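Asker: I'm passing along work.cif; it holds mmCIF, C-alpha atoms and all ligand atoms.
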```
data_start
loop_
_atom_site.label_atom_id
_atom_site.label_comp_id
_atom_site.auth_asym_id
_atom_site.auth_seq_id
_atom_site.Cartn_x
_atom_site.Cartn_y
_atom_site.Cartn_z
CA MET W 1 -28.36 32.13 3.20
CA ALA W 2 -29.95 28.86 4.28
CA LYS W 3 -32.85 30.62 6.02
CA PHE W 4 -33.56 32.75 2.94
CA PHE W 5 -34.11 29.74 0.66
CA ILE W 6 -36.16 27.69 3.14
CA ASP W 7 -39.16 29.90 2.33
CA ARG W 8 -38.56 30.21 -1.44
CA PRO W 9 -38.35 26.74 -3.03
CA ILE W 10 -39.16 28.05 -6.51
CA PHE W 11 -36.18 30.42 -6.59
CA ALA W 12 -33.85 27.55 -5.69
CA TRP W 13 -35.44 25.40 -8.39
CA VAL W 14 -34.89 28.22 -10.88
CA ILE W 15 -31.21 28.45 -9.97
CA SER W 16 -30.86 24.67 -10.31
CA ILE W 17 -32.53 24.69 -13.73
CA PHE W 18 -30.22 27.47 -14.89
CA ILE W 19 -27.21 25.42 -13.78
CA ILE W 20 -28.54 22.34 -15.60
CA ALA W 21 -29.07 24.30 -18.81
CA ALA W 22 -25.58 25.79 -18.63
CA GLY W 23 -24.11 22.32 -18.11
CA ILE W 24 -25.95 20.88 -21.11
CA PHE W 25 -24.84 23.78 -23.30
CA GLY W 26 -21.25 23.27 -22.16
CA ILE W 27 -21.44 19.56 -22.94
CA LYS W 28 -22.73 20.35 -26.43
CA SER W 29 -19.51 22.25 -27.26
CA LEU W 30 -16.68 20.13 -25.85
CA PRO W 31 -14.22 18.20 -28.05
CA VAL W 32 -13.51 14.55 -27.28
CA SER W 33 -10.09 12.92 -27.09
CA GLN W 34 -8.11 10.13 -25.44
CA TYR W 35 -5.68 12.29 -23.43
CA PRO W 36 -5.19 16.04 -23.01
CA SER W 37 -2.65 17.90 -25.15
CA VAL W 38 0.74 17.05 -23.65
CA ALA W 39 3.15 17.31 -26.61
CA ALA W 40 5.36 20.38 -26.98
CA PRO W 41 5.82 22.19 -30.30
CA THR W 42 8.80 21.42 -32.52
CA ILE W 43 10.20 23.08 -35.64
CA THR W 44 12.42 21.26 -38.14
CA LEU W 45 14.72 22.84 -40.74
CA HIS W 46 15.58 20.97 -43.94
CA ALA W 47 18.58 21.71 -46.16
CA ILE W 48 20.08 20.11 -49.27
CA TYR W 49 23.72 20.13 -50.35
CA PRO W 50 24.31 17.54 -53.09
CA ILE F 400 -19.57 10.96 -7.63
CA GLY F 401 -19.08 9.63 -4.10
CA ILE F 402 -17.90 12.96 -2.68
CA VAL F 403 -20.63 15.37 -3.86
CA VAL F 404 -23.17 13.64 -1.59
CA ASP F 405 -21.26 14.21 1.66
CA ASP F 406 -22.78 17.57 2.57
CA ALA F 407 -26.30 16.54 1.57
CA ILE F 408 -25.92 13.31 3.54
CA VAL F 409 -24.77 15.25 6.61
CA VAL F 410 -27.67 17.71 6.42
CA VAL F 411 -30.32 15.06 5.78
CA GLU F 412 -29.01 12.79 8.53
CA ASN F 413 -28.97 15.63 11.06
CA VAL F 414 -32.52 16.71 10.23
CA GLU F 415 -33.77 13.10 10.27
CA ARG F 416 -32.15 12.49 13.65
CA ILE F 417 -33.72 15.65 15.07
CA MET F 418 -37.16 14.71 13.74
CA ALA F 419 -36.95 11.11 14.97
CA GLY F 420 -35.59 11.91 18.44
CA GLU F 421 -37.59 15.08 19.11
CA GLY F 422 -40.89 14.86 17.19
CA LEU F 423 -40.57 18.14 15.33
CA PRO F 424 -42.47 19.53 12.35
CA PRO F 425 -40.13 19.52 9.35
CA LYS F 426 -40.10 23.25 8.60
CA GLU F 427 -38.37 24.34 11.82
CA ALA F 428 -36.53 21.06 12.37
CA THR F 429 -34.76 22.00 9.14
CA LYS F 430 -33.85 25.42 10.55
CA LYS F 431 -32.46 23.85 13.72
CA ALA F 432 -30.45 21.37 11.65
CA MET F 433 -29.05 24.17 9.50
CA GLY F 434 -28.11 26.13 12.61
CA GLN F 435 -26.28 23.16 14.11
CA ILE F 436 -24.34 22.04 11.02
CA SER F 437 -23.86 25.30 9.11
CA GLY F 438 -20.10 25.25 9.75
CA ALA F 439 -19.25 21.61 9.12
CA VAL F 440 -20.22 22.03 5.46
CA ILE F 441 -17.88 24.98 4.96
CA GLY F 442 -15.05 23.26 6.82
CA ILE F 443 -15.37 20.11 4.72
CA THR F 444 -15.56 22.06 1.47
CA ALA F 445 -12.50 24.16 2.32
CA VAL F 446 -10.50 21.08 3.32
CA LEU F 447 -11.44 19.28 0.10
CA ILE F 448 -10.63 22.22 -2.17
CA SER F 449 -7.33 23.18 -0.52
CA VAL F 450 -5.71 19.89 -1.56
CA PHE F 451 -6.79 20.07 -5.22
CA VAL F 452 -5.70 23.72 -5.47
CA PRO F 453 -1.97 22.82 -5.72
CA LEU F 454 -2.43 20.13 -8.39
CA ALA F 455 -3.07 22.83 -11.01
CA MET F 456 0.31 24.53 -10.41
CA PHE F 457 2.79 22.38 -12.35
CA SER F 458 4.17 22.23 -15.88
CA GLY F 459 4.74 19.44 -18.39
CA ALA F 460 2.68 16.43 -19.38
CA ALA F 461 2.32 15.49 -15.71
CA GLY F 462 1.28 19.07 -14.97
CA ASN F 463 -1.34 18.98 -17.71
CA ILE F 464 -2.79 15.73 -16.39
CA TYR F 465 -2.83 17.12 -12.85
CA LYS F 466 -4.65 20.26 -14.00
CA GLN F 467 -7.23 18.26 -15.94
CA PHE F 468 -7.98 16.19 -12.84
CA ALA F 469 -7.90 18.98 -10.26
CA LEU F 470 -10.00 21.63 -12.00
CA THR F 471 -12.86 19.19 -12.62
CA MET F 472 -12.71 17.86 -9.06
CA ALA F 473 -12.70 21.33 -7.51
CA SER F 474 -15.49 22.74 -9.67
CA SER F 475 -17.77 19.78 -8.97
CA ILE F 476 -17.08 19.94 -5.23
CA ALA F 477 -17.78 23.69 -5.06
CA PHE F 478 -21.07 23.30 -6.92
CA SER F 479 -22.06 20.42 -4.63
CA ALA F 480 -21.41 22.53 -1.52
CA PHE F 481 -23.40 25.45 -2.91
CA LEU F 482 -26.32 23.17 -3.77
CA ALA F 483 -26.25 21.56 -0.32
CA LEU F 484 -26.50 24.99 1.31
CA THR F 485 -29.15 26.33 -1.08
CA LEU F 486 -31.54 23.68 -2.38
CA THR F 487 -31.35 20.79 0.11
CA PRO F 488 -33.07 22.69 2.96
CA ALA F 489 -35.96 23.73 0.70
CA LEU F 490 -36.76 20.17 -0.38
CA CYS F 491 -36.19 18.81 3.13
CA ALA F 492 -38.67 21.37 4.51
CA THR F 493 -41.32 21.19 1.77
CA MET F 494 -41.14 17.93 -0.22
CA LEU F 495 -40.44 15.66 2.78
CA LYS F 496 -43.57 14.43 4.55
CA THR F 497 -43.84 14.16 8.32
CA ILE F 498 -42.35 11.07 9.95
CA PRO F 499 -45.11 9.00 11.58
CA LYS F 500 -44.36 8.27 15.22
CA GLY F 501 -42.14 5.20 15.19
CA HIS F 502 -42.41 4.69 11.43
CA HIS F 503 -38.70 3.89 11.15
CA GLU F 504 -39.10 1.38 14.00
CA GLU F 505 -40.67 -2.10 13.82
CA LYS F 506 -38.74 -3.05 10.67
CA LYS F 507 -38.69 -6.77 9.91
CA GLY F 508 -36.51 -8.84 7.62
CA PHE F 509 -33.18 -7.46 6.44
CA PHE F 510 -33.73 -3.96 7.83
CA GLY F 511 -34.36 -4.99 11.44
CA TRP F 512 -31.35 -7.30 11.42
CA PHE F 513 -29.20 -4.49 10.04
CA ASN F 514 -30.48 -2.02 12.64
CA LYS F 515 -29.65 -4.40 15.50
CA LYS F 516 -26.21 -5.13 14.05
CA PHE F 517 -25.40 -1.44 13.64
CA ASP F 518 -26.54 -0.63 17.19
CA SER F 519 -24.27 -3.38 18.53
CA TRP F 520 -21.38 -2.14 16.39
CA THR F 521 -21.82 1.42 17.67
CA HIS F 522 -21.90 0.24 21.29
CA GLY F 523 -18.74 -1.81 20.82
CA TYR F 524 -16.95 1.05 19.06
CA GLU F 525 -17.76 3.50 21.85
CA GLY F 526 -16.60 0.96 24.42
CA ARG F 527 -13.29 0.48 22.62
CA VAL F 528 -12.68 4.21 22.09
CA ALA F 529 -13.39 5.01 25.74
CA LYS F 530 -10.63 2.52 26.60
CA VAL F 531 -8.03 3.55 24.01
CA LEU F 532 -7.97 6.99 25.64
CA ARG F 533 -6.64 5.91 29.06
CA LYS F 534 -3.40 4.72 27.38
CA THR F 535 -2.15 7.84 25.62
CA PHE F 536 1.50 6.72 25.53
CA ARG F 537 1.44 3.18 24.14
CA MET F 538 -1.00 4.20 21.42
CA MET F 539 1.34 7.00 20.34
CA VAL F 540 4.22 4.55 19.87
CA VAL F 541 1.84 2.28 17.96
CA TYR F 542 0.93 5.20 15.70
CA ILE F 543 4.60 6.05 15.17
CA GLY F 544 5.34 2.45 14.21
CA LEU F 545 2.43 2.45 11.78
CA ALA F 546 3.68 5.64 10.13
CA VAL F 547 7.22 4.27 9.88
CA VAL F 548 5.96 1.05 8.29
CA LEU I 848 -24.41 15.21 -66.20
CA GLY I 849 -22.11 12.21 -66.06
CA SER I 850 -19.25 11.78 -63.64
CA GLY I 851 -16.46 14.29 -64.09
CA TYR I 852 -18.67 17.37 -63.61
CA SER I 853 -19.29 18.84 -60.15
CA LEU I 854 -20.88 21.99 -58.73
CA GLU I 855 -19.79 24.65 -56.26
CA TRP I 856 -21.44 27.73 -54.80
CA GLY I 857 -20.10 31.27 -54.70
CA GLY I 858 -20.61 34.39 -52.66
CA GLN I 859 -24.01 34.53 -51.00
CA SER I 860 -24.71 30.93 -52.03
CA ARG I 861 -21.96 29.51 -49.80
CA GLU I 862 -23.59 30.13 -46.42
CA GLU I 863 -27.07 29.06 -47.57
CA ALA I 864 -25.82 25.52 -48.21
CA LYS I 865 -23.58 25.81 -45.14
CA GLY I 866 -26.80 26.02 -43.14
CA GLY I 867 -30.31 27.41 -43.06
CA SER I 868 -31.82 29.54 -40.30
CA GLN I 869 -32.03 29.19 -36.53
CA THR I 870 -33.95 32.32 -35.50
CA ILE I 871 -36.89 30.27 -34.21
CA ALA I 872 -34.57 28.17 -32.05
CA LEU I 873 -33.29 31.20 -30.14
CA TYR I 874 -36.73 32.82 -29.86
CA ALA I 875 -37.78 29.86 -27.71
CA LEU I 876 -34.85 30.29 -25.31
CA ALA I 877 -35.78 33.93 -24.68
CA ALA I 878 -39.26 32.78 -23.62
CA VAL I 879 -38.07 30.07 -21.22
CA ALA I 880 -35.62 32.50 -19.61
CA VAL I 881 -38.37 35.07 -19.06
CA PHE I 882 -40.72 32.42 -17.70
CA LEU I 883 -38.09 31.23 -15.22
CA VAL I 884 -37.27 34.77 -14.06
CA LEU I 885 -40.94 35.63 -13.60
CA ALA I 886 -41.57 32.38 -11.73
CA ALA I 887 -38.72 33.19 -9.35
CA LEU I 888 -40.00 36.75 -8.85
CA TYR I 889 -43.65 35.75 -8.32
CA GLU I 890 -42.99 32.53 -6.37
CA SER I 891 -45.48 30.50 -8.43
CA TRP I 892 -45.39 28.44 -11.62
CA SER I 893 -48.87 29.46 -12.80
CA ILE I 894 -48.77 33.28 -12.91
CA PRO I 895 -45.91 33.82 -15.43
CA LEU I 896 -48.26 32.52 -18.13
CA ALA I 897 -50.41 35.64 -17.80
CA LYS P 948 -12.32 15.65 5.93
CA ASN P 949 -12.98 12.65 8.17
CA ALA P 950 -10.66 14.01 10.86
CA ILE P 951 -12.10 17.53 10.80
CA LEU P 952 -15.65 16.19 11.09
CA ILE P 953 -14.78 15.09 14.64
CA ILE P 954 -12.17 17.68 15.59
CA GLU P 955 -14.41 20.69 14.95
CA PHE P 956 -17.36 19.29 16.90
CA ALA P 957 -15.16 18.32 19.84
CA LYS P 958 -13.60 21.80 19.87
CA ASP P 959 -17.02 23.46 19.85
CA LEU P 960 -18.32 21.14 22.57
CA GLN P 961 -15.37 21.43 24.98
CA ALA P 962 -15.54 25.23 24.99
CA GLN P 963 -18.50 24.86 27.41
CA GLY P 964 -17.37 23.20 30.61
CA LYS P 965 -16.36 19.92 28.96
CA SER P 966 -13.01 18.29 29.66
CA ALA P 967 -10.84 17.07 26.79
CA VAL P 968 -11.60 13.37 27.27
CA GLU P 969 -15.34 13.91 27.74
CA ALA P 970 -15.55 16.16 24.69
CA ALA P 971 -13.59 13.66 22.58
CA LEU P 972 -15.80 10.75 23.62
CA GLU P 973 -19.04 12.65 23.02
CA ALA P 974 -17.85 13.91 19.63
CA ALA P 975 -16.85 10.41 18.53
CA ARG P 976 -20.14 8.93 19.71
CA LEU P 977 -22.26 11.53 17.92
CA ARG P 978 -20.21 11.62 14.70
CA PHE P 979 -19.67 7.87 14.22
CA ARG P 980 -22.56 7.11 11.87
CA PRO P 981 -22.21 9.91 9.25
CA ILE P 982 -18.49 9.15 8.95
CA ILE P 983 -19.23 5.51 8.11
CA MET P 984 -21.98 6.49 5.68
CA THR P 985 -19.82 8.97 3.78
CA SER P 986 -16.77 6.67 3.70
CA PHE P 987 -18.56 3.53 2.54
CA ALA P 988 -20.54 5.43 -0.09
CA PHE P 989 -17.22 6.38 -1.68
CA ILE P 990 -15.82 2.86 -1.28
CA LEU P 991 -18.82 1.25 -2.96
CA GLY P 992 -18.78 3.90 -5.68
CA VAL P 993 -15.13 3.22 -6.52
CA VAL P 994 -15.58 -0.57 -6.43
CA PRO P 995 -16.60 -0.60 -10.13
CA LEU P 996 -13.10 0.59 -11.08
CA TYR P 997 -11.39 -1.96 -8.83
CA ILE P 998 -12.70 -4.84 -10.95
CA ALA P 999 -12.60 -3.12 -14.33
CA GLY P 1000 -12.06 -5.09 -17.51
CA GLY P 1001 -12.16 -4.84 -21.29
CA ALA P 1002 -10.81 -1.82 -23.18
CA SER P 1003 -8.63 0.68 -21.28
CA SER P 1004 -8.94 -1.22 -17.99
CA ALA P 1005 -5.31 -1.02 -16.82
CA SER P 1006 -5.58 2.62 -15.76
CA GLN P 1007 -8.96 2.01 -14.14
CA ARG P 1008 -7.57 -0.85 -12.05
CA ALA P 1009 -4.44 1.13 -11.19
CA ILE P 1010 -6.40 4.06 -9.77
CA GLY P 1011 -9.06 1.88 -8.14
CA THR P 1012 -6.65 -0.28 -6.16
CA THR P 1013 -4.94 2.66 -4.49
CA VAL P 1014 -8.05 4.73 -3.83
CA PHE P 1015 -10.09 1.79 -2.51
CA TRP P 1016 -7.51 0.38 -0.12
CA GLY P 1017 -6.30 3.77 1.08
CA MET P 1018 -9.82 4.91 1.90
CA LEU P 1019 -10.78 1.68 3.66
CA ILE P 1020 -7.67 1.44 5.84
CA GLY P 1021 -7.54 5.16 6.56
CA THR P 1022 -11.16 5.25 7.71
CA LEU P 1023 -10.81 2.18 9.90
CA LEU P 1024 -7.69 3.57 11.60
CA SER P 1025 -8.94 7.16 11.88
CA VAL P 1026 -12.23 6.32 13.58
CA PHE P 1027 -10.11 4.91 16.43
CA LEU P 1028 -7.09 7.24 16.40
CA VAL P 1029 -8.50 10.76 15.87
CA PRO P 1030 -9.74 11.24 19.47
CA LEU P 1031 -6.28 10.31 20.74
CA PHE P 1032 -4.73 12.92 18.45
CA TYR P 1033 -7.10 15.59 19.74
CA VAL P 1034 -6.48 14.71 23.39
CA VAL P 1035 -2.69 14.56 23.05
CA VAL P 1036 -2.45 17.80 21.07
CA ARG P 1037 -4.69 19.63 23.55
CA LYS P 1038 -2.70 18.27 26.51
CA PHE P 1039 0.74 19.20 25.16
CA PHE P 1040 0.09 22.53 23.39
CA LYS P 1041 -2.01 23.93 26.22
CA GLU P 1042 -4.51 26.70 25.48
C1 LIG W 1101 3.15 34.19 15.10
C2 LIG W 1101 3.02 33.70 13.66
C3 LIG W 1101 4.27 34.08 12.87
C4 LIG W 1101 4.08 33.71 11.40
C5 LIG W 1101 5.40 33.23 10.81
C6 LIG W 1101 6.26 34.43 10.42
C7 LIG W 1101 6.14 34.68 8.92
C8 LIG W 1101 6.89 33.59 8.15
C9 LIG W 1101 6.48 33.64 6.68
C10 LIG W 1101 7.23 32.56 5.89
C11 LIG W 1101 6.58 32.41 4.51
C12 LIG W 1101 7.10 31.13 3.83
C13 LIG W 1101 8.30 31.48 2.94
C14 LIG W 1101 8.46 30.38 1.87
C15 LIG W 1101 9.13 30.98 0.63
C16 LIG W 1101 8.35 30.58 -0.62
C17 LIG W 1101 8.97 29.31 -1.23
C18 LIG W 1101 8.87 29.40 -2.76
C19 LIG W 1101 7.41 29.57 -3.17
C20 LIG W 1101 7.29 29.40 -4.70
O1 LIG W 1101 8.27 29.33 -5.36
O2 LIG W 1101 6.02 29.36 -5.31
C21 LIG W 1101 5.37 28.12 -5.22
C22 LIG W 1101 5.94 27.16 -6.26
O3 LIG W 1101 5.09 26.05 -6.42
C23 LIG W 1101 4.91 25.64 -7.75
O4 LIG W 1101 3.82 25.40 -8.15
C24 LIG W 1101 6.11 25.52 -8.70
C25 LIG W 1101 6.90 24.25 -8.37
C26 LIG W 1101 7.90 24.54 -7.24
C27 LIG W 1101 7.26 24.19 -5.90
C28 LIG W 1101 8.34 23.65 -4.95
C29 LIG W 1101 8.51 24.62 -3.78
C30 LIG W 1101 8.35 23.87 -2.47
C31 LIG W 1101 7.09 24.34 -1.76
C32 LIG W 1101 7.11 23.88 -0.31
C33 LIG W 1101 6.34 24.88 0.55
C34 LIG W 1101 6.96 26.26 0.40
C35 LIG W 1101 5.98 27.32 0.90
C36 LIG W 1101 4.77 27.39 -0.02
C37 LIG W 1101 3.73 28.33 0.58
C38 LIG W 1101 3.88 28.32 -5.49
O5 LIG W 1101 3.33 29.21 -4.56
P1 LIG W 1101 3.10 30.79 -5.01
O6 LIG W 1101 4.39 31.36 -5.53
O7 LIG W 1101 2.05 30.86 -6.10
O8 LIG W 1101 2.60 31.66 -3.70
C39 LIG W 1101 1.24 31.62 -3.34
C40 LIG W 1101 0.61 32.99 -3.60
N1 LIG W 1101 -0.84 32.89 -3.46
#
```
What is this file in structure tokens?
Ligand SMILES: CCCCCCCCCCCCCCCCCCCC(=O)O[C@H](COC(=O)CCCCCCCCCCCCCC)COP(=O)(O)OCCN

Answerer:
Amino acid sequence: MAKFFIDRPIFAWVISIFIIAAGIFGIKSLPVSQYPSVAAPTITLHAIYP
Amino acid sequence: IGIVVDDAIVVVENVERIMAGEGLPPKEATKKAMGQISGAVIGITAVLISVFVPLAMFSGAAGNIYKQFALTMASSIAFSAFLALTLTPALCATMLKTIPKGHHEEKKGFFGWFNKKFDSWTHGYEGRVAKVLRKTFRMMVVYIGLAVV
Amino acid sequence: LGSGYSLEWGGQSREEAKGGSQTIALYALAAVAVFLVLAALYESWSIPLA
Amino acid sequence: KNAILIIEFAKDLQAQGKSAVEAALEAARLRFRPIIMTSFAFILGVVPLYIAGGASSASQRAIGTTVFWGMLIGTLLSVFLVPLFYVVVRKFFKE
């Protein structure tokens, strides 16, 4: 693997550029927040009996 | 940030040492370096990833935080290892000019001072290690005490 | 018209105001991808232009 | 990682006519410098968190203290203790 790429710098550069582009695209579509979602769901039932 | 440069540092240091101590053209000095240290990279990467693998296997708020930390750490480390294997050799063989004979030597100012200090530190460290190995019993009790503390 | 009178779109009009066109944006990506692939295959930055 | 960097090289080197002590000493001598480089790069990188301040600095300081001191002390102790571990383990669990 290491001997294959020692003779082909341009192919390695191409792979690196593809990785960079993928990273930028991923950054462009990531929501921001303070902390991850850690709260569990809850359901409340309301009743009235005057 | 400080962990993704370990493999590249290892590779570059090995190739630089070979070039400086053997006077070798970069293209095959790189191949020799890759042959020598092709297993250390994989060992280091496996060791690093095996500890962050279990963090992503818990539930709750703590589990969520652990997953968020561990997945990012592991993905970055894996990409760093792949890049060190793939791209580092190419640049080190093509974009790195030949080292002039003794170019690293004859440094003056801060660099020469630092080189002397580091040589002295290495000599002292080797002298201490060679000694700590003739007492394999007392040092074990010292280690046990350290662990207990 | 004074305040108290607004405007809304319907049917086909909704998406036009919701955005324009982005066909040119994607056409450029398909060229960069082809250039990168051809550069990797040829092992040279200059030939893929032909 | 720091321990394996020496253990693997010593294991490879002893397999060819090298005693345990000789292999351990040679491995330590050859692997010293990269270990220091890789450890202190991390230490200097994490220093910014150690002295954090401003908005949301409590968590930064909390993580920085532990990581910084653990790395420093662990590296300083390991660089001197790992060869002993290799020698003792090889001597007791023969083969
Ligand atoms: C000559 C050589 C002879 C070889 C020796 C002979 C063969 C002996 C083989 C013995 C095999 C070990 C038997 C251990 C029983 C398994 C213990 C429970 C495992 C379990 O519940 O799942 C784990 C729970 O961790 C979680 O994430 C959930 C939280 C609970 C974790 C607390 C459990 C304590 C774990 C301490 C270590 C236990 C062993 C773990 C390997 C996650 O693991 P998994 O279910 O996903 O399985 C990995 C599949 N890829």

Asker: Which chains and residue numbers are within 7 Å of ligand LIG 1101 (chain W), counting only C-alpha atoms and all ligand atoms, if I want them as a PDB file with C-alpha atoms, in the coordinates of the input?

Answerer:
```pdb
ATOM      1  CA  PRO F 453      -1.970  22.820  -5.720  1.00  0.00           C
ATOM      2  CA  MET F 456       0.310  24.530 -10.410  1.00  0.00           C
ATOM      3  CA  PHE F 457       2.790  22.380 -12.350  1.00  0.00           C
TER       4      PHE F 457
END
```

Asker: I'd like the contact shell of region 964-976 of chain P - 10 Å cut-off, all atoms listed in the file, skipping same-chain residues fewer than 2 positions apart - returned as JSON, numbers by chain.

Answerer: {"F": [521, 522, 524, 525, 526, 528, 529, 532, 533], "P": [952, 953, 954, 955, 956, 957, 958, 959, 960, 961, 962, 978, 979, 980, 982, 1026, 1027, 1029, 1030, 1031, 1032, 1033, 1034, 1035, 1037, 1038]}

Asker: Considering all atoms listed in the file, extract the chain W residues located within 10 Å of chain F and return them as a ChimeraX atom specification.

Answerer: /W:1-13,15-16,19,35-40

Asker: Please, what distance in Å, to one decimal, runs between CA of residue 1023 (chain P) and CA of residue 988 (chain P)?

Answerer: 14.3 Å

Asker: With a cut-off of 10 Å and counting all atoms listed in the file, select all residues of chain I in contact with chain W and give the selection as a list in words.

Answerer: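 Taking all atoms listed in the file into account, residues 880, 882, 883, 884, 885, 886, 887, 888, 889, 890, 891 and 892 of chain I sit within 10 Å of chain W.
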
Asker: With distances taken over only C-alpha atoms, which of W:34, W:21, W:43, W:29 is nearest to residue 1003 (chain P)?

Answerer: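 For residue 1003 (chain P), the nearest of the given residues is W:34.
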
Asker: I'd like the interatomic distance between CA of residue 444 (chain F) and CA of residue 983 (chain P), to a tenth of an Å.

Answerer: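 Here the two named atoms are 18.2 Å from each other.
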
Asker: Could you list the residues in chain F lying within 10 Å of chain P, using all atoms listed in the file, and format the result as an MDAnalysis selection string?

Answerer: chainID F and resid 400:406 408:410 412:413 436 438:440 442:447 517 521:522 524:529 531:536 538:539 542

Asker: Next, the residues of the selection above should be written as an mmCIF file, in the frame of the given file with C-alpha atoms.

Answerer:
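Resulting contents of part.cif:
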```cif
data_model
loop_
_atom_site.group_PDB
_atom_site.id
_atom_site.type_symbol
_atom_site.label_atom_id
_atom_site.label_comp_id
_atom_site.auth_asym_id
_atom_site.auth_seq_id
_atom_site.Cartn_x
_atom_site.Cartn_y
_atom_site.Cartn_z
ATOM 1 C CA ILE F 400 -19.570 10.960 -7.630
ATOM 2 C CA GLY F 401 -19.080 9.630 -4.100
ATOM 3 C CA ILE F 402 -17.900 12.960 -2.680
ATOM 4 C CA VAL F 403 -20.630 15.370 -3.860
ATOM 5 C CA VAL F 404 -23.170 13.640 -1.590
ATOM 6 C CA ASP F 405 -21.260 14.210 1.660
ATOM 7 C CA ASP F 406 -22.780 17.570 2.570
ATOM 8 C CA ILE F 408 -25.920 13.310 3.540
ATOM 9 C CA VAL F 409 -24.770 15.250 6.610
ATOM 10 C CA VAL F 410 -27.670 17.710 6.420
ATOM 11 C CA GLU F 412 -29.010 12.790 8.530
ATOM 12 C CA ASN F 413 -28.970 15.630 11.060
ATOM 13 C CA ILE F 436 -24.340 22.040 11.020
ATOM 14 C CA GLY F 438 -20.100 25.250 9.750
ATOM 15 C CA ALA F 439 -19.250 21.610 9.120
ATOM 16 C CA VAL F 440 -20.220 22.030 5.460
ATOM 17 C CA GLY F 442 -15.050 23.260 6.820
ATOM 18 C CA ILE F 443 -15.370 20.110 4.720
ATOM 19 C CA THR F 444 -15.560 22.060 1.470
ATOM 20 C CA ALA F 445 -12.500 24.160 2.320
ATOM 21 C CA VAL F 446 -10.500 21.080 3.320
ATOM 22 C CA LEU F 447 -11.440 19.280 0.100
ATOM 23 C CA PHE F 517 -25.400 -1.440 13.640
ATOM 24 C CA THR F 521 -21.820 1.420 17.670
ATOM 25 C CA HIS F 522 -21.900 0.240 21.290
ATOM 26 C CA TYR F 524 -16.950 1.050 19.060
ATOM 27 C CA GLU F 525 -17.760 3.500 21.850
ATOM 28 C CA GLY F 526 -16.600 0.960 24.420
ATOM 29 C CA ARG F 527 -13.290 0.480 22.620
ATOM 30 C CA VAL F 528 -12.680 4.210 22.090
ATOM 31 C CA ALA F 529 -13.390 5.010 25.740
ATOM 32 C CA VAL F 531 -8.030 3.550 24.010
ATOM 33 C CA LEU F 532 -7.970 6.990 25.640
ATOM 34 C CA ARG F 533 -6.640 5.910 29.060
ATOM 35 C CA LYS F 534 -3.400 4.720 27.380
ATOM 36 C CA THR F 535 -2.150 7.840 25.620
ATOM 37 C CA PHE F 536 1.500 6.720 25.530
ATOM 38 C CA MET F 538 -1.000 4.200 21.420
ATOM 39 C CA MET F 539 1.340 7.000 20.340
ATOM 40 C CA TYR F 542 0.930 5.200 15.700
#
```

Asker: If you measure from CA of residue 1007 (chain P) to CA of residue 26 (chain W), what distance in Å do you get, rounded to one decimal?

Answerer: 25.8 Å

Asker: Starting from the sparse input, extend region 859-869 of chain I to N, CA and C atoms and give the output as a short mmCIF file (atom, residue, chain, number, x, y, z; two decimals), in the coordinates of the input.

Answerer:
```cif
data_model
loop_
_atom_site.label_atom_id
_atom_site.label_comp_id
_atom_site.auth_asym_id
_atom_site.auth_seq_id
_atom_site.Cartn_x
_atom_site.Cartn_y
_atom_site.Cartn_z
N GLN I 859 -22.88 34.71 -51.90
CA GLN I 859 -24.01 34.53 -51.00
C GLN I 859 -24.45 33.07 -50.93
N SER I 860 -24.22 32.30 -51.99
CA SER I 860 -24.71 30.93 -52.03
C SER I 860 -23.99 30.03 -51.03
N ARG I 861 -22.77 30.40 -50.63
CA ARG I 861 -21.96 29.51 -49.80
C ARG I 861 -22.63 29.24 -48.46
N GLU I 862 -23.04 30.30 -47.76
CA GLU I 862 -23.59 30.13 -46.42
C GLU I 862 -24.99 29.52 -46.43
N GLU I 863 -25.75 29.69 -47.51
CA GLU I 863 -27.07 29.06 -47.57
C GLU I 863 -26.96 27.55 -47.50
N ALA I 864 -26.04 26.96 -48.27
CA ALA I 864 -25.82 25.52 -48.21
C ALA I 864 -25.05 25.12 -46.96
N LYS I 865 -24.33 26.07 -46.36
CA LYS I 865 -23.58 25.81 -45.14
C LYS I 865 -24.52 25.75 -43.94
N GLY I 866 -25.79 26.04 -44.17
CA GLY I 866 -26.80 26.02 -43.14
C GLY I 866 -27.97 26.93 -43.49
N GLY I 867 -29.08 26.67 -42.81
CA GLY I 867 -30.31 27.41 -43.06
C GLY I 867 -30.50 28.58 -42.12
N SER I 868 -31.52 28.49 -41.27
CA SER I 868 -31.82 29.54 -40.30
C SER I 868 -32.10 28.90 -38.95
N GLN I 869 -31.82 29.67 -37.89
CA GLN I 869 -32.03 29.19 -36.53
C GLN I 869 -32.64 30.28 -35.65
#
```
